[PDB]
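Below is entry-v6.txt, holding compact mmCIF, N, CA and C atoms.
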```
# COMPACT_ATOMS: atom_id res chain seq x y z
N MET A 1 125.38 60.86 158.77
CA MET A 1 124.79 62.17 158.55
C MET A 1 125.09 62.67 157.15
N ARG A 2 124.06 63.10 156.44
CA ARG A 2 124.25 63.60 155.09
C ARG A 2 124.91 64.97 155.14
N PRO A 3 126.06 65.16 154.51
CA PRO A 3 126.63 66.50 154.39
C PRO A 3 125.64 67.45 153.75
N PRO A 4 125.44 68.64 154.31
CA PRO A 4 124.39 69.53 153.78
C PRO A 4 124.58 69.92 152.32
N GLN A 5 125.81 69.88 151.81
CA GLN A 5 126.03 70.28 150.43
C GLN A 5 125.46 69.27 149.43
N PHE A 6 125.05 68.09 149.88
CA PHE A 6 124.53 67.05 149.00
C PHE A 6 123.04 66.84 149.25
N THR A 7 122.27 66.75 148.17
CA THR A 7 120.90 66.28 148.27
C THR A 7 120.88 64.81 148.66
N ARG A 8 119.71 64.35 149.09
CA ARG A 8 119.53 62.92 149.36
C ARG A 8 119.94 62.09 148.15
N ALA A 9 119.53 62.51 146.95
CA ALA A 9 119.85 61.76 145.74
C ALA A 9 121.34 61.74 145.47
N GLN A 10 122.02 62.88 145.65
CA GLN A 10 123.46 62.93 145.42
C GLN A 10 124.20 62.06 146.42
N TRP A 11 123.78 62.10 147.68
CA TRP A 11 124.46 61.33 148.71
C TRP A 11 124.22 59.84 148.52
N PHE A 12 123.02 59.46 148.08
CA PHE A 12 122.80 58.05 147.74
C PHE A 12 123.78 57.60 146.66
N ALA A 13 123.97 58.41 145.62
CA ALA A 13 124.86 58.00 144.54
C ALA A 13 126.31 57.92 145.01
N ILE A 14 126.75 58.87 145.82
CA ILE A 14 128.11 58.84 146.36
C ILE A 14 128.33 57.59 147.20
N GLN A 15 127.36 57.25 148.05
CA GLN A 15 127.55 56.13 148.95
C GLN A 15 127.36 54.79 148.27
N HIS A 16 126.53 54.70 147.23
CA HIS A 16 126.05 53.39 146.81
C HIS A 16 126.18 53.07 145.33
N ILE A 17 126.53 54.01 144.48
CA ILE A 17 126.55 53.77 143.04
C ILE A 17 127.99 53.86 142.56
N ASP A 18 128.52 52.73 142.09
CA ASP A 18 129.78 52.66 141.36
C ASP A 18 129.40 52.30 139.92
N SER A 19 129.00 53.32 139.17
CA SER A 19 128.23 53.08 137.95
C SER A 19 129.04 52.33 136.89
N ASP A 20 128.46 51.23 136.40
CA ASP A 20 129.00 50.45 135.29
C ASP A 20 130.44 49.99 135.57
N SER A 21 130.60 49.29 136.69
CA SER A 21 131.91 48.85 137.16
C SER A 21 131.93 47.33 137.31
N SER A 22 133.13 46.78 137.36
CA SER A 22 133.30 45.33 137.51
C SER A 22 132.64 44.80 138.79
N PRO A 23 131.82 43.74 138.71
CA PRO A 23 131.26 43.10 139.88
C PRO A 23 132.35 42.50 140.77
N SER A 24 133.42 42.00 140.16
CA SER A 24 134.53 41.41 140.92
C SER A 24 135.48 42.54 141.28
N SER A 25 135.96 42.50 142.50
CA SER A 25 136.84 43.57 143.00
C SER A 25 138.02 42.94 143.71
N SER A 26 139.02 43.75 143.93
CA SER A 26 140.12 43.31 144.80
C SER A 26 139.59 43.32 146.25
N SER A 27 140.29 42.66 147.15
CA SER A 27 139.93 42.66 148.59
C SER A 27 140.14 44.05 149.24
N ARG A 28 140.92 44.93 148.61
CA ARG A 28 141.15 46.31 149.06
C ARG A 28 140.13 47.30 148.46
N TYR A 29 139.17 46.83 147.66
CA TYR A 29 138.22 47.74 147.04
C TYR A 29 137.50 48.57 148.09
N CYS A 30 136.97 47.92 149.13
CA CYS A 30 136.18 48.67 150.11
C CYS A 30 137.01 49.69 150.89
N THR A 31 138.23 49.31 151.30
CA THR A 31 139.05 50.26 152.04
C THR A 31 139.30 51.51 151.21
N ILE A 32 139.57 51.34 149.92
CA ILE A 32 139.85 52.50 149.08
C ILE A 32 138.56 53.26 148.79
N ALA A 33 137.49 52.53 148.46
CA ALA A 33 136.24 53.18 148.07
C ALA A 33 135.58 53.92 149.22
N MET A 34 135.73 53.42 150.45
CA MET A 34 135.02 54.05 151.57
C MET A 34 135.62 55.39 151.95
N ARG A 35 136.86 55.68 151.54
CA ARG A 35 137.46 56.96 151.93
C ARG A 35 136.64 58.14 151.45
N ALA A 36 136.08 58.04 150.24
CA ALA A 36 135.30 59.15 149.70
C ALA A 36 134.07 59.46 150.55
N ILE A 37 133.49 58.44 151.18
CA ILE A 37 132.34 58.64 152.06
C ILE A 37 132.80 59.14 153.42
N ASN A 38 133.76 58.43 154.00
CA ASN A 38 134.15 58.72 155.37
C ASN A 38 134.83 60.07 155.52
N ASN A 39 135.41 60.61 154.44
CA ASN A 39 135.98 61.95 154.54
C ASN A 39 134.95 63.00 154.92
N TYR A 40 133.66 62.74 154.66
CA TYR A 40 132.57 63.65 155.00
C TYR A 40 131.91 63.32 156.33
N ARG A 41 132.34 62.25 156.98
CA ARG A 41 131.67 61.73 158.15
C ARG A 41 132.51 62.00 159.38
N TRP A 42 131.85 61.94 160.53
CA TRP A 42 132.60 62.13 161.76
C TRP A 42 133.38 60.87 162.12
N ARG A 43 132.77 59.70 161.98
CA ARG A 43 133.45 58.43 162.24
C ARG A 43 133.16 57.46 161.10
N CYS A 44 134.06 56.47 160.93
CA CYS A 44 133.96 55.47 159.83
C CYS A 44 132.57 54.83 159.80
N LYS A 45 131.97 54.75 158.61
CA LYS A 45 130.69 54.06 158.45
C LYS A 45 130.88 52.56 158.69
N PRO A 46 130.09 51.94 159.56
CA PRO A 46 130.37 50.52 159.90
C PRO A 46 130.09 49.53 158.78
N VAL A 47 129.04 49.75 157.98
CA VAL A 47 128.71 48.87 156.87
C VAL A 47 128.23 49.74 155.71
N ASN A 48 128.48 49.27 154.50
CA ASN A 48 128.04 49.98 153.32
C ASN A 48 128.00 49.04 152.13
N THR A 49 127.05 49.27 151.22
CA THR A 49 126.89 48.46 150.02
C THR A 49 127.04 49.33 148.79
N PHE A 50 127.87 48.88 147.85
CA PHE A 50 128.00 49.51 146.54
C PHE A 50 127.32 48.63 145.49
N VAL A 51 126.64 49.28 144.55
CA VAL A 51 126.04 48.61 143.39
C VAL A 51 126.88 48.92 142.16
N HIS A 52 127.10 47.91 141.31
CA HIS A 52 128.01 48.06 140.17
C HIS A 52 127.30 48.29 138.83
N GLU A 53 125.99 48.07 138.75
CA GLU A 53 125.28 48.26 137.48
C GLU A 53 125.39 49.70 136.99
N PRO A 54 125.16 49.93 135.69
CA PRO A 54 124.99 51.30 135.19
C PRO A 54 123.97 52.06 136.02
N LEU A 55 124.24 53.35 136.22
CA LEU A 55 123.35 54.22 137.01
C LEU A 55 121.88 54.06 136.62
N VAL A 56 121.58 54.07 135.32
CA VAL A 56 120.17 54.06 134.91
C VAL A 56 119.47 52.79 135.36
N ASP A 57 120.21 51.68 135.48
CA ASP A 57 119.62 50.46 136.01
C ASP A 57 119.19 50.63 137.45
N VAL A 58 119.99 51.36 138.25
CA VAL A 58 119.63 51.58 139.65
C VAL A 58 118.46 52.54 139.74
N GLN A 59 118.48 53.60 138.92
CA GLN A 59 117.36 54.52 138.90
C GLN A 59 116.07 53.83 138.47
N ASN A 60 116.16 52.83 137.58
CA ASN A 60 114.97 52.11 137.14
C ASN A 60 114.30 51.33 138.26
N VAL A 61 115.01 51.01 139.35
CA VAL A 61 114.37 50.28 140.44
C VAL A 61 113.16 51.05 140.97
N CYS A 62 113.18 52.39 140.84
CA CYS A 62 112.06 53.22 141.26
C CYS A 62 110.80 52.95 140.46
N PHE A 63 110.89 52.15 139.40
CA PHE A 63 109.74 51.82 138.56
C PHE A 63 109.51 50.32 138.53
N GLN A 64 110.06 49.60 139.49
CA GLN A 64 109.94 48.14 139.55
C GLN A 64 108.99 47.76 140.69
N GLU A 65 109.30 46.77 141.52
CA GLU A 65 108.29 46.21 142.41
C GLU A 65 108.08 47.08 143.65
N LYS A 66 106.88 47.63 143.82
CA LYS A 66 106.64 48.43 145.02
C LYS A 66 106.53 47.52 146.24
N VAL A 67 107.24 47.87 147.31
CA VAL A 67 107.23 47.12 148.57
C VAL A 67 107.15 48.12 149.73
N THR A 68 106.85 47.61 150.92
CA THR A 68 106.81 48.50 152.07
C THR A 68 108.22 48.79 152.58
N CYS A 69 108.46 50.05 152.95
CA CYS A 69 109.75 50.43 153.50
C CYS A 69 109.94 49.82 154.88
N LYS A 70 111.20 49.61 155.26
CA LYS A 70 111.47 49.04 156.58
C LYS A 70 110.86 49.91 157.68
N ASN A 71 110.97 51.23 157.55
CA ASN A 71 110.42 52.14 158.55
C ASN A 71 108.93 52.41 158.37
N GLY A 72 108.31 51.86 157.33
CA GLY A 72 106.91 52.12 157.08
C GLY A 72 106.61 53.44 156.41
N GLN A 73 107.63 54.22 156.08
CA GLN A 73 107.48 55.62 155.69
C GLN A 73 108.16 55.82 154.34
N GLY A 74 107.39 56.22 153.34
CA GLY A 74 107.94 56.51 152.03
C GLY A 74 107.58 55.46 151.00
N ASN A 75 108.16 55.63 149.81
CA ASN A 75 107.89 54.76 148.67
C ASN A 75 109.13 53.94 148.37
N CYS A 76 109.05 52.63 148.63
CA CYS A 76 110.18 51.73 148.43
C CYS A 76 109.89 50.75 147.31
N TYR A 77 110.97 50.30 146.68
CA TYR A 77 110.89 49.46 145.50
C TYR A 77 111.97 48.39 145.57
N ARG A 78 111.61 47.19 145.14
CA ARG A 78 112.54 46.08 145.05
C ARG A 78 112.94 45.85 143.59
N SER A 79 114.23 45.64 143.36
CA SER A 79 114.70 45.48 141.99
C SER A 79 114.12 44.24 141.32
N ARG A 80 113.81 44.39 140.03
CA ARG A 80 113.29 43.28 139.23
C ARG A 80 114.29 42.14 139.15
N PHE A 81 115.56 42.47 139.02
CA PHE A 81 116.63 41.50 138.89
C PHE A 81 117.60 41.65 140.05
N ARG A 82 118.38 40.60 140.26
CA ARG A 82 119.48 40.68 141.21
C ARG A 82 120.52 41.66 140.69
N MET A 83 120.97 42.56 141.56
CA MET A 83 122.05 43.48 141.25
C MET A 83 123.39 42.87 141.64
N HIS A 84 124.45 43.43 141.08
CA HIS A 84 125.81 43.06 141.45
C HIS A 84 126.29 44.05 142.50
N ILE A 85 126.50 43.57 143.72
CA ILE A 85 126.83 44.46 144.82
C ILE A 85 128.18 44.07 145.43
N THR A 86 128.72 44.99 146.22
CA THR A 86 129.86 44.71 147.09
C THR A 86 129.50 45.22 148.47
N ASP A 87 129.56 44.33 149.47
CA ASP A 87 129.31 44.70 150.85
C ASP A 87 130.63 45.03 151.53
N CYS A 88 130.67 46.16 152.23
CA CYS A 88 131.86 46.60 152.95
C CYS A 88 131.58 46.60 154.45
N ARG A 89 132.47 45.98 155.22
CA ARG A 89 132.28 45.88 156.67
C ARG A 89 133.54 46.36 157.38
N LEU A 90 133.37 47.34 158.27
CA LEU A 90 134.50 47.94 158.97
C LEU A 90 135.18 46.91 159.86
N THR A 91 136.51 46.87 159.80
CA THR A 91 137.27 45.95 160.64
C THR A 91 137.30 46.42 162.09
N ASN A 92 137.41 45.46 163.00
CA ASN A 92 137.44 45.75 164.43
C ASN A 92 138.64 46.64 164.77
N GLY A 93 138.41 47.62 165.63
CA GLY A 93 139.46 48.52 166.07
C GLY A 93 139.68 49.74 165.19
N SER A 94 139.07 49.78 164.00
CA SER A 94 139.24 50.92 163.11
C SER A 94 138.80 52.21 163.79
N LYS A 95 139.56 53.28 163.57
CA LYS A 95 139.20 54.60 164.05
C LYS A 95 139.65 55.60 163.00
N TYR A 96 138.75 56.48 162.57
CA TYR A 96 139.13 57.43 161.53
C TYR A 96 140.41 58.16 161.95
N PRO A 97 141.36 58.37 161.03
CA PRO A 97 141.28 58.01 159.61
C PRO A 97 141.77 56.59 159.24
N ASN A 98 141.99 55.73 160.23
CA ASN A 98 142.43 54.36 159.97
C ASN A 98 141.23 53.42 159.85
N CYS A 99 140.47 53.59 158.77
CA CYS A 99 139.29 52.77 158.49
C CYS A 99 139.64 51.71 157.45
N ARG A 100 139.73 50.45 157.86
CA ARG A 100 139.90 49.37 156.91
C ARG A 100 138.64 48.52 156.88
N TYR A 101 138.34 47.96 155.71
CA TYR A 101 137.09 47.24 155.48
C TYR A 101 137.32 45.86 154.87
N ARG A 102 136.50 44.91 155.30
CA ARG A 102 136.33 43.66 154.55
C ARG A 102 135.48 43.91 153.32
N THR A 103 135.84 43.24 152.22
CA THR A 103 135.13 43.35 150.95
C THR A 103 134.48 42.01 150.62
N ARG A 104 133.18 42.02 150.33
CA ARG A 104 132.46 40.80 149.97
C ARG A 104 131.57 41.03 148.76
N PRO A 105 131.86 40.43 147.61
CA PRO A 105 130.95 40.54 146.47
C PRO A 105 129.66 39.76 146.71
N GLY A 106 128.63 40.14 145.97
CA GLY A 106 127.36 39.42 146.06
C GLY A 106 126.43 39.78 144.93
N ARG A 107 125.33 39.02 144.79
CA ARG A 107 124.33 39.26 143.71
C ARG A 107 122.94 39.07 144.32
N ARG A 108 122.24 40.17 144.60
CA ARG A 108 120.93 40.05 145.23
C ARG A 108 120.04 41.21 144.82
N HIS A 109 118.74 41.02 145.03
CA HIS A 109 117.81 42.11 144.83
C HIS A 109 118.11 43.21 145.84
N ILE A 110 117.89 44.46 145.43
CA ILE A 110 118.06 45.59 146.32
C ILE A 110 116.71 46.27 146.51
N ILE A 111 116.57 46.94 147.65
CA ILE A 111 115.36 47.70 147.96
C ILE A 111 115.78 49.14 148.23
N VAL A 112 115.17 50.08 147.51
CA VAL A 112 115.50 51.48 147.69
C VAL A 112 114.22 52.29 147.87
N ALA A 113 114.34 53.38 148.63
CA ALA A 113 113.31 54.41 148.67
C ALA A 113 113.61 55.44 147.59
N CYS A 114 112.55 55.88 146.90
CA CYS A 114 112.65 56.85 145.82
C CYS A 114 111.80 58.07 146.13
N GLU A 115 112.25 59.23 145.65
CA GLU A 115 111.59 60.50 145.92
C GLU A 115 112.11 61.54 144.94
N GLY A 116 111.30 62.57 144.70
CA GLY A 116 111.81 63.79 144.12
C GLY A 116 111.48 63.96 142.65
N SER A 117 112.05 65.03 142.10
CA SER A 117 111.96 65.35 140.68
C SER A 117 113.37 65.70 140.23
N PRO A 118 114.06 64.83 139.48
CA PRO A 118 113.61 63.52 139.01
C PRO A 118 113.42 62.51 140.13
N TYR A 119 112.65 61.47 139.84
CA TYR A 119 112.25 60.47 140.83
C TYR A 119 113.33 59.41 140.92
N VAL A 120 114.19 59.50 141.94
CA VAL A 120 115.40 58.70 141.98
C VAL A 120 115.60 58.11 143.37
N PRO A 121 116.51 57.15 143.53
CA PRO A 121 116.75 56.58 144.86
C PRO A 121 117.35 57.60 145.81
N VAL A 122 116.82 57.60 147.03
CA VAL A 122 117.33 58.48 148.08
C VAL A 122 117.77 57.73 149.32
N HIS A 123 117.45 56.44 149.44
CA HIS A 123 117.85 55.70 150.62
C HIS A 123 117.98 54.24 150.22
N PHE A 124 119.05 53.61 150.69
CA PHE A 124 119.26 52.19 150.46
C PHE A 124 118.62 51.49 151.65
N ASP A 125 117.70 50.57 151.37
CA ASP A 125 116.86 49.97 152.40
C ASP A 125 117.21 48.51 152.67
```
Structure rendered as structure tokens:
Amino acid sequence: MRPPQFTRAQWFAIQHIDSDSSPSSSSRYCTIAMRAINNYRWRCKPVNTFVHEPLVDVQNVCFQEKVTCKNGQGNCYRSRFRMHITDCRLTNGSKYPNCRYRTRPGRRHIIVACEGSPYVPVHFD
């Protein structure tokens, strides 16, 4: 659930943009990074992906390959290049505030929904 104090665009950046950061991370990266998200949530988010490119690279995906959204609703775009991502997966038995995560680096195209003025990512697809 998006905290009401954040726009869709702000919440996307909080959850998914680690702007201009190292693609390689420690194995504790996700456990530490997810606290900022889960502090606003009722229960630990089960999976989450962070992108490491500079912010403007992620915003540029809104001007790259148009594709259909998974839900069929909205304007979705696939990145021209593979992004540097980190996938976070909640460990079994975790219960807030004891949320620990597996950390997995990766390099793949991302798909985002874009909306608004400015026209920026609002949903990781």
Name the residues of stretch 8-118 of chain A that fall into strand (DSSP E or B) according to DSSP on the backbone, using the chain letters and numbers of this document, as a count of residues only. 36
Expressed in Å, the length from atom CA of residue A:5 to atom CA of residue A:50 is 21.2 Å
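Across the structure, atom CA of residue A:61 and atom CA of residue A:87 are spaced 19.0 Å apart.
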Run DSSP on the backbone of this structure and report the residues of stretch 9-86 of chain A it assigns to helix (DSSP H, G or I), as a PyMOL selection string. chain A and resi 9-16+29-38+55-63
Could you tell me how far atom N of residue A:74 sits from atom C of residue A:17, in Å to one decimal place? 23.4 Å
Spatial neighbours of residue A:32, 8 Å, only N, CA and C atoms, chain gap at least 5 places, as a ChimeraX atom specification: /A:27,37,99-101
